[PDB]
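> An experimental structure, sequence included, is below.
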Amino acid sequence: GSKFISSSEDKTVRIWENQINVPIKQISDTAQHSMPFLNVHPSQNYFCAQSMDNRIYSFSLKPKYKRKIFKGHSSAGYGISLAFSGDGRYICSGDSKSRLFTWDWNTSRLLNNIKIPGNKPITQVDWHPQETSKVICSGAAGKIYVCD
Amino acid sequence: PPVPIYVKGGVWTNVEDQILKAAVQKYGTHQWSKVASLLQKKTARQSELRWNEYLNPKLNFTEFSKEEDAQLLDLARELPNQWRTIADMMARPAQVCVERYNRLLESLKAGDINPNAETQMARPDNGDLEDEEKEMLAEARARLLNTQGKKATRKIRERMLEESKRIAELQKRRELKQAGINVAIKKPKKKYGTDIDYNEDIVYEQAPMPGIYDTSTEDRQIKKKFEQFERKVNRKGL
Amino acid sequence: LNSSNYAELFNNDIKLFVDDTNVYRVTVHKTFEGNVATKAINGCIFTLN
RNA sequence: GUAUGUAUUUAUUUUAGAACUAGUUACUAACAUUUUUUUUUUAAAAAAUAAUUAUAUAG
């Protein structure tokens, strides 16, 4: 409830305190790419970002904010949400090819890869914190799919 | 935050010899200040001495043959204690010549400065490393890596940024296409009055100067194939 | 205004301390190149009686 | 500190992992202002001397 994050088209990330209008942290690299989605893991020691180079980088939520890599999906076109398990061991993402990808947060290994009806891609992927092993994906097709 | 080393003549270790070799491979023989900047606690002249006296592979470190050894006694007789001239006459380093002359005619404390340190044998190192030598090899790898200028590095950065900028520009168009509003792609602007757009015309079209044979049906077959490809990219999308 | 004058501040006549040390403050940040740059932030002119 | 470059669209063109922790190096930053002469012994002894500073730097 004190600080917050923003990402922008100019390939940088800034962190502000609540109303200071001074960025206390600039996450900027040379070979970085902009991220259309940010999220914070439930263990609160990390927040991760879905970058434009078809990967997911992850940074600390403690001070001296510093940068694992989640790869195996093509999401360069659209900008796609990501969710986490309600225990904090699983991360789940969507794709431009109508399939979702679930990695294990503890080791960064791609566990499964489940396709979805509808030719159109899938962007918003959200997890149910109470009932475990339950995801919902949806996209430009229009229907709302309840994946296991 | 390092206190200043004003006198930099020391004992050549293994680390500094190896960084001098992998610096001479890249930087070359005649730039010595740029070599000696890479390894601290030594001087540009002492780097030059360590190359020309010891680390050079052209130098002759073997045992003396019998003709060589008699040649040494005779030359040391003719030219009294002119050891650079003698060592030039033997194609051997002068320190080797002096020590072997002492071995013929025969048959350092602590807290002293050794002047002959560049011509003497190296010291192998303790097993792990020292901390300053870890720092030295880190900055030495960092300086032996780079082969670019300022302009070229900025070009790498600008190409990556223009690439990601195009990706965002297509992302918003695909979102508005899903919404049902078709924003056409804007073109880059011309920096001068006759700057050329390359989809309007074949820009300097040269016709292939026809010959004796006839190309009507092959023209029609190509035109069919290209029109069908453009329609397929329009519907299905490549 | 030395330490031997020190009580001159507590006369009846009105007077003010002005101070500028926090007027121009900046924050250092990394650029896209190697060098860093400074951006100004809010300041205060400290005047009290 | 310049040079120089880059950014700023509305008036609608028809359909192997998890956690904890602190300092050492480089580089950069028009961003920021605790006396003089000695002597002597192994902390103490001697001798000595005098109404208060710049907003100015660029290829």
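That came through, no problem. Numbers count the residues shown, from 1 in each chain, chains lettered A, B, ... in the order given.
> could you pull out the helices for chain B?
B:14-27, B:33-36, B:44-50, B:66-78, B:83-90, B:94-106, B:131-145, B:150-179, B:216-235 (DSSP state H).
> Between those helices, which one is closest to residue A:88.
Among the helices of chain B, the nearest to residue A:88 by Cβ to Cβ is helix B:150-179 (29.9 Å). C-beta here means a position set from N, CA and C on the backbone, and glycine is covered the same way.
> can you redo the helices of chain B as CSV with mean neighbour count and distance to residue B:207?
Shown next, in CSV, are the helices of chain B (neighbours: other Cβ atoms under 10 Å in any protein chain shown; distance: least, Cβ to Cβ, whole Å):
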stretch, mean neighbour count, distance to residue B:207
helix B:14-27, 17, 52
helix B:33-36, 18, 57
helix B:44-50, 19, 65
helix B:66-78, 13, 79
helix B:83-90, 15, 73
helix B:94-106, 14, 76
helix B:131-145, 13, 51
helix B:150-179, 13, 34
helix B:216-235, 10, 12
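> For chain C, which of the ones you listed is the nearest?
With Cβ to the nearest Cβ as the criterion, chain C lies closest to helix B:150-179 of these, at 6.5 Å.
> wait, does that closest one make contact with RNA strand D?
No. If you take Cβ under 7 Å from any atom of the strand as the test, helix B:150-179 misses RNA strand D, and the best it gets is 8.9 Å.
> so how far is that helix from its chain's centroid?
31 Å (Cα atoms, centre = their mean, to the nearest Å).
> With stretch A:89-97 instead?
When C-alpha coordinates are averaged (Cα atoms, centre = their mean), stretch A:89-97 and its chain have centres 8 Å apart.
> What are the buried residues along it?
By 16 or more other Cβ atoms under 10 Å in any protein chain shown, the buried positions in stretch A:89-97 come out as A:90, A:91, A:92, A:93, A:94, A:95, A:96.
> Can you tell me which of those residues is nearest residue B:40?
Of the buried residues of stretch A:89-97, the one sitting nearest to residue B:40 (Cβ to Cβ) turns out to be residue A:91, at 46.1 Å.
> Tell me the residues of chain B that contact RNA strand D?
Going by Cβ under 7 Å from any atom of the strand, the residues of chain B near RNA strand D are B:1, B:2, B:131, B:135, B:139, B:186, B:191.
> okay, those residues in JSON lines with distance to residue B:19 next?
JSON lines is the format used below for the residues of chain B next to RNA strand D (distance: Cβ to Cβ, whole Å):
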{"residue": "B:1", "distance to residue B:19": "22"}
{"residue": "B:2", "distance to residue B:19": "18"}
{"residue": "B:131", "distance to residue B:19": "16"}
{"residue": "B:135", "distance to residue B:19": "12"}
{"residue": "B:139", "distance to residue B:19": "10"}
{"residue": "B:186", "distance to residue B:19": "53"}
{"residue": "B:191", "distance to residue B:19": "47"}
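> what's the farthest-apart pair in these?
Spatially, the most separated pair among the residues of chain B next to RNA strand D is B:131 and B:186, at 56.3 Å (Cβ to Cβ).
> returning to what we had before: what would the buried residues of stretch A:89-97 look like in TSV with secondary structure and distance to RNA strand D?
Output for those, formatted as TSV (DSSP: H, G, I helix; E, B strand; the rest coil; distance: Cβ to the nearest atom of the strand, whole Å):
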residue	secondary structure	distance to RNA strand D
A:90	strand	13
A:91	strand	12
A:92	strand	18
A:93	strand	18
A:94	coil	23
A:95	strand	24
A:96	coil	25
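> show me where chain C has helices.
So, for chain C - with DSSP H - there are no helices.
> of all of it, which residue lies closest to chain B?
residue C:32 (6.5 Å).
> how far away is whichever residue of chain B sits closest to RNA strand D from residue B:27?
Per Cβ to the nearest atom of the strand, the residue of chain B with the smallest distance to RNA strand D is residue B:135, at 4.0 Å. The spacing between residue B:135 and residue B:27, counted by Cβ to Cβ, to the nearest Å, is 20 Å.
> near chain B, which residues of chain A show up?
A:9, A:11, A:30-31, A:33-34, A:36, A:52, A:76-79, A:140 (Cβ under 8 Å from any Cβ of the partner chain).
> Pull the number of nearby residues for residue C:23.
Residues lying near residue C:23 (other Cβ atoms under 10 Å in any protein chain shown) number 11.
> pretty sure it contacts residue C:45?
Yes. If you go by Cβ atoms under 8 Å, residue C:23 and residue C:45 touch, sitting 5.9 Å apart.
> can you count the residues close to residue A:54?
By other Cβ under 10 Å, neighbour count at residue A:54 equals 17.
> correct me, but it touches residue A:70?
No. Using Cβ under 8 Å, residue A:54 is not in contact with residue A:70; the gap is 9.9 Å.
> what's the overlap in contacts for those two?
Counting by Cβ atoms under 8 Å, 6 or more residues apart in numbering or on different chains, residue A:54 and residue A:70 have no common neighbour.
> Give the full set of residues in contact with the residue nearest to residue B:32 when sequence neighbours are not counted.
Nearest non-adjacent residue to residue B:32, counting by Cβ to Cβ, 6 or more residues apart in numbering or on different chains: residue B:44, 4.4 Å away. Each residue near residue B:44 by Cβ under 8 Å, 6+ apart is listed here: B:32, B:33, B:35, B:36.
> And residue B:98, by the same measure?
Applying Cβ under 8 Å, 6+ apart to residue B:98 gives the contacts residue B:83.
> From residue B:169, how far out is it?
74 Å.
> Repeat that for residue C:30.
For residue C:30 relative to residue B:169 (Cβ to Cβ), the value is 26 Å.
> do the same with residue B:69
For residue B:69 relative to residue B:169 (Cβ to Cβ), the value is 81 Å.
> Just give the number of residues close to residue 44.
You didn't say which chain, so I picked chain A. Around residue A:44 there are 10 residues (other Cβ under 10 Å).
> oops, I was thinking of chain C
11.
> Just give the nearest non-adjacent residue to it, would you?
residue C:22 (5.2 Å).
> Contacts only, for that neighbour.
Contacts of residue C:22 (Cβ under 8 Å, 6+ apart): C:43, C:44, C:46.
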